[PDB]
Amino acid sequence: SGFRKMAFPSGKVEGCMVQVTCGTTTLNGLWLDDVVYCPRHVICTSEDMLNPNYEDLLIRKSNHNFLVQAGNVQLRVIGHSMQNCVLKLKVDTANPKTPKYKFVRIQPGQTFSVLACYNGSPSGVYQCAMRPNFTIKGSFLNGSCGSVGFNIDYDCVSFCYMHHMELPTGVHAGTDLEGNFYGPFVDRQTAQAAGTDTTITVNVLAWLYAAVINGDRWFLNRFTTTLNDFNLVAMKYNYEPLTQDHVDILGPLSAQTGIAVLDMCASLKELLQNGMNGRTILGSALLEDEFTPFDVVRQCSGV
Amino acid sequence: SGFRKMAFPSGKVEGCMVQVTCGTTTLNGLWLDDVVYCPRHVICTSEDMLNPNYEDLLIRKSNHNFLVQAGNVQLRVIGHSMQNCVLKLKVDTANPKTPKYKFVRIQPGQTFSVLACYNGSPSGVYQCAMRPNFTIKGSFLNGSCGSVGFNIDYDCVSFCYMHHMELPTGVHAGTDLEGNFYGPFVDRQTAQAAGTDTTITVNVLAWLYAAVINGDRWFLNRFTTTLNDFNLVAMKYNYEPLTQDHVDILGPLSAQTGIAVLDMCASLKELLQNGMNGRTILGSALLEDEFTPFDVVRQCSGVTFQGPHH
Ligand SMILES: O=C1O[C@H]([C@@H](O)CO)C(O)=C1O
Ligand SMILES: O=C1O[C@H]([C@@H](O)CO)C(O)=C1O
């Protein structure tokens, strides 16, 4: 029992983190086989980031301009190419600690673990979710660029995020491991607007189900609601629309607890209108939306 | 910027987790050098946990009754001894992945990362704190016993907790790596009450300091209070007393922010009585108390630890 923001073990990812330096700019790289992936803005200074032209800044660079350090063994760069917003540096040595891995692009609402790194050294691991506006509310300091987000599906490490930027409002943007940003963001220091951030409804319900599995039941009620009847209320409170797909996804949690999805939907709606009245659910005074239904299954059952 | 429940990188500890099976009971063990540490109740069945005598159940076992599996090597047990509530099994092979380690007993209020394990395979890592009532608010399922809690200095893993049981209120109890339980709990299926839990005051102040580092300053005021005057108000709200020691520990955060500890205490006093008035601090509507002053300093300063590339 008990419920925690649980991250995956970071060992398999620790063995892939390297330091990539270009000029006076240093950030982290992902070393899989004989390729090192890192944000392409490693070739920029601070003044450069105001309006960088990556076409030009890369043509001016050679293999010897990239200093890659794995621990403090220096990896020799033998090639370089740009794929969207990530730089791919081929080195002369394959990473002996490369795990079974896969490059995936996640949907908003899905969660993943982040291994925060500085100078290629691990600092901490934590869980977060891809917001509906394609930002993430992470913890990143200067030098953290190139840190990766990942899930471990059984034995395969699914890399899904590479950190690139901190926007002026404090949230963070990045790409998949093919270099395509999540959301409308670009690797330039400029005014960039995110979409309205909304709450991940299906995650709140999954988390409400985790609460009931853990003995928190005070928010259950006797009303019942439907699909259209739930969504008309949800979006006044900036909640994502709940689909029949979601209702199926919550099925296993419904069965484990014996409370139908539409019963639970009536409860949340109630919490939306009246508030929590000084009470708590799973140690929180807010409705948590960064646990997927799968996440609840791992902690309360086991995938 | 940003602030998160950050756990230590778990790589160095992942290489030490093994599966320990005795009879029909399977739980996790910690394999350091040629010794495997695990909870001693691996030798009990459900019928034995009602009122076990571990001296007896252990005398009726010998080395071949303990099956230890590391990955897909079967470790051969060549000795077994009991130290308080942990069982120590010597194996014929030293763990090649042993790091600097240390067995420490932590104080209530201190935090550590837990590597949740099942069948000797790590499943997840999360941060938590030793509650003042010597429980921990963990996340553990059946088979998780033997999971360990730890801190990392730089390359040294300080082991401080081994999981043993879930209390009926859903919280968890365990021992240090010498087998001594934290708190008044015992490894027998019996009536056990944890007791009233209090809020870790010095941790809340550390987290308030983290907030101001991150740009959240709305709770600051012009007042200062005295340790005695703050504690009179705090302890009416089920808060741990704040000592001169605590005030010292917060010194570095005070210097970094330019806010005296007793100034921050004046802010906390207000938040305790009036609430947050529909606002949030670091994305939370509650006062967080599971970040130590040290936890705030490294996360806000980006302290790193030794990776696997020597
Ligand atoms: O999160 C951030 O990303 C950039 C980069 O400098 C970090 O490597 C920055 O300034 C942050 O605060
Ligand atoms: O923490 C726990 O201890 C018991 C034990 O049966 C697991 O081995 C249990 O089910 C937990 O959740």
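Note on naming: letters A, B, ... go to the chains in the order of the sequence lines (proteins, then strands), and numbering restarts at 1 for each one. What's counted below: heavy atoms across the whole structure, side chains too, no hydrogens, waters or symmetry copies.
The two residues A/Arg4 and B/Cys128 come nearest to each other via the heavy atoms NH2-CB, 3.5 Å. Nearest heavy-atom pair across A/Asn95 and B/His309 is OD1-NE2, 4.5 Å. Nearest approach of A/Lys5 to B/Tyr126, heavy atoms of both residues: O-CB, 3.8 Å. What you find for B/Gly302 and A/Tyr118 is that their closest heavy atoms are O-CD1, 3.8 Å. In terms of heavy atoms, B/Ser1 sits closest to A/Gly170 at OG-O, 3.8 Å. Closest non-hydrogen pair, A/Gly2 versus B/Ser139, comes out as O-OG, 3.2 Å.
For B/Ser144, no part lies under 4.5 angstrom from a heavy atom of chain A. In this structure, no portion of A/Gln69 lies under 4.5 Å from any heavy atom of chain B. Only the side chain of A/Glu166 comes within contact range of chain B, with heavy atoms under 4.5 Å apart. Interface residue A/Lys97: only side-chain heavy atoms are found under 4.5 Å from chain B. Looking at B/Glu290, the atoms closer than 4.5 Å to chain A (heavy atoms on both sides) all sit in the side chain, from C-beta outward. In this structure, chain B has no heavy atom under 4.5 Å from any part of A/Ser113. Looking at B/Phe8, the atoms closer than 4.5 Å to chain A (heavy atoms on both sides) all sit in the backbone: N, CA, C or O. At a 4.5 Å heavy-atom cutoff, the contact between A/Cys300 and chain B is made by backbone atoms alone.
Here A/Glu14 is the residue among A/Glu14, A/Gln127, A/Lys12, A/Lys137 with the most heavy-atom pairs under 4.5 Å with chain B. When A/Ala7, A/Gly302, A/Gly138 are compared by the number of non-hydrogen pairs under 4.5 Å with chain B, A/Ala7 comes out ahead. Counting heavy-atom pairs closer than 4.5 Å to chain B, the top residue among A/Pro122, A/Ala70, A/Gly11, A/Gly275 is A/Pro122. Most heavy-atom pairs under 4.5 Å with chain A, from the set B/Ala285, B/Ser284, B/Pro308, B/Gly307: that is B/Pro308. For the set A/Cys117, A/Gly283, A/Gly124, the count of heavy-atom pairs under 4.5 angstrom toward chain B peaks at A/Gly124.
Within a 6.0 Å sphere centred on CZ of B/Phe181, heavy atoms belonging to other residues, nucleotides or ligands number more than 12. The neighbour count for A/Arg76 CZ, taken as heavy atoms of other residues, nucleotides or ligands under 6.0 Å away, does not exceed 12. For B/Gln189, the CD atom is loosely surrounded, since the number of other residues' heavy atoms within 6.0 Å does not exceed 12. No more than 12 heavy atoms of other residues, nucleotides or ligands lie within 6.0 Å of CZ in B/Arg217, so this atom counts as exposed by the packing criterion.
A/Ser123 places a side-chain N or O within donor-acceptor distance of the main-chain N or O of B/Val303, the cut-off being under 3.5 Å. In this structure, B/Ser10 contributes its side chain and A/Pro9 its backbone to no donor-acceptor pair below 3.5 Å.
In this structure, CE on A/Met17 lies 12.0 Å from OG1 on B/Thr304, to the nearest 0.5 angstrom.
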